Amino acid sequence: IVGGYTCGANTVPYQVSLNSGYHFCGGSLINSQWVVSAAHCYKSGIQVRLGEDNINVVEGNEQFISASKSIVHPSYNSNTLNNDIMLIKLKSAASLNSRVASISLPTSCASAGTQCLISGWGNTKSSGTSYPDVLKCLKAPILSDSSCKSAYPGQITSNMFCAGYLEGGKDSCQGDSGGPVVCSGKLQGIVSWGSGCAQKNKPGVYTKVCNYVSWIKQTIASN
Ligand SMILES: NC(=[NH2+])c1ccc2[nH]c(-c3cccc(-c4ccccc4)c3[O-])cc2c1
Ligand SMILES: [Ca+2]
Ligand SMILES: [Cl-]
């Protein structure tokens with residue numbers, strides 16, 4: 001997260017770190033046995049780490065659970081990143097409490113202007129790599145479809161939305177992919193891609209979760 005602030009330990013209880021010996025992506029806990037992340041974060045050997053703040057220190061509240069299966073959306077396109085969503089089923093359910101909680105899926109899509117919270121352990125520099133130990137947060141608004149399409153002509157599908165600041169300075173970045181974009185208590189997006197990080201007129205692009213709720217529900221109900 002570039003231009004954000006330190007969240008404060010366990011203030012984002014639905015945030016998870018996907019780990020394979022190092023942190024490579026974020027994700028969101030939506031119930032006690034399922035996590036939603038981005039399809040491009042898929043790999044084998046995933047350990048899901050819940051209740052984290054400093055990802056390099058066991059401070060207490062952590063729960064490390066292996067993924068039993070990861071379900072990449074069947075129409076995921078790795079060239080356009082269209083349908084960049086994945087569901088991960090945990091080997092055992094997690095113990096929910098005030099430090100580990102799930103986030104609700106939305107019933108409707110959000111409108112431009114909506115203020116959301118984006119978080120993660122990704123790079124905090126736009127020009128260079130500085131990875132934090134604790135979780136960073138950024139409050140950012142959803143942009144209108146026209147500004148998004150004018151920024152990325154021909155690359156935005158109906159399953160994506162832009163959020164951020166066109167003046168540059170604040171954005172999600174590498175290491176944040178797969179994580180949450182929460183607006184009014186509902187998970188509206190998943191960190192997907194962007195051109196550089198925090199560059200002028202190149203906002204972050206997110207997977208539009210409201211378009212996949214029936215798919216998430218039906219898939220979880222059958223697995
Ligand atoms: N400007 C943004 N808003 C933004 C958001 C998420 C991002 N993720 C990345 C990213 C960069 C290199 C590798 C990965 C990656 C690749 C495979 C698996 C996991 C992460 C990224 O997600 C860049 C990147 C940029
Ligand atoms: Ca820790
Ligand atoms: Cl277009």
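Quick note: numbers below take in every heavy atom, side chains included, and nothing from hydrogens, waters or symmetry partners. The first residue in the sequence is number 1, and the count goes up from there.
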A.B. asks: Atom CG in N61, atom CG in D53: separation rounded to 0.5 Å?
C.D. replies: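 Rounded to the nearest 0.5 Å, the CG-CG separation comes out at 9.5 Å.
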
A.B. asks: On the ring face of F161, is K208 found with NZ or CZ under 6.0 Å from the centre and within 45° of the axis?
C.D. replies: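 The answer is no; the distance or angle limit is not met.
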
A.B. asks: Starting at OG of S37, measure out to CZ of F24 and round the result to the nearest 0.5 Å.
C.D. replies: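 Answer rounded to 0.5 Å: 7.5 Å.
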
A.B. asks: A quick test of your reading: do over 12 heavy atoms of other residues, nucleotides or ligands sit less than 6.0 Å from NZ of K43?
C.D. replies: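 Above 12, so yes.
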
A.B. asks: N19 versus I46: any side-chain heavy-atom pair under 4.5 Å?
C.D. replies: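 Result no, sub-4.5 Å side-chain heavy-atom pair not found.
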
A.B. asks: So if I apply the side-chain hydrogen bond (donor to acceptor under 3.5 Å, both in side chains) rule between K136 and each of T6, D176, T124, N123, which one comes out positive?
C.D. replies: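 Only one of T6, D176, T124, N123 forms a side-chain hydrogen bond (donor to acceptor under 3.5 Å, both in side chains) with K136, namely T6.
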
A.B. asks: Shortest non-hydrogen contact from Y206 to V191?
C.D. replies: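 It is CD2-CA, 3.5 Å.
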
A.B. asks: Can you measure from OG (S222) to CD1 (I220) and round to the nearest 0.5 angstrom?
C.D. replies: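 One finds 9.5 Å between OG of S222 and CD1 of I220.
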
A.B. asks: Pair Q155, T80 - check side chain to side chain contact (heavy atoms under 4.5 Å, CB included), show working.
C.D. replies: CA-CA 7 Å; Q155 310 146 69; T80 61; over 6 Å; no

A.B. asks: To the nearest 0.5 Å, what is the distance between OH (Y42) and CE (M86)?
C.D. replies: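 Spacing of OH (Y42) from CE (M86) equals 8.5 Å.
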
A.B. asks: Roughly how far, to the nearest 0.5 Å, is the CD atom of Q63 from the CZ atom of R99?
C.D. replies: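 These two atoms lie 10.0 Å from each other.
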
A.B. asks: Mind checking whether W121 and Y22 have ring centres under 6.0 Å apart?
C.D. replies: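 No.
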
A.B. asks: If you compare all heavy atoms of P180 against all heavy atoms of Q15, which two are closest, and at what distance to 0.1 Å?
C.D. replies: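 Taking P180 first and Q15 second, the nearest heavy atoms are CD-NE2, 3.3 Å.
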
A.B. asks: Would you give the length of the straight line joining atom CD of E52 to atom CG of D133, rounded to the nearest 0.5 angstrom?
C.D. replies: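 Reported value, rounded in 0.5 Å steps: 11.0 Å.
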
A.B. asks: Does the pair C109 and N211 meet the rule for a side chain to side chain contact (heavy atoms under 4.5 Å, CB included), with working shown?
C.D. replies: CA-CA 8 Å; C109 301; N211 288 354; 4.3 Å; yes

A.B. asks: Are the side chains of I30 and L105 in touch, meaning some heavy atoms are under 4.5 Å apart?
C.D. replies: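 Side chain of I30 against side chain of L105, heavy atoms only: contact under 4.5 Å found.
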
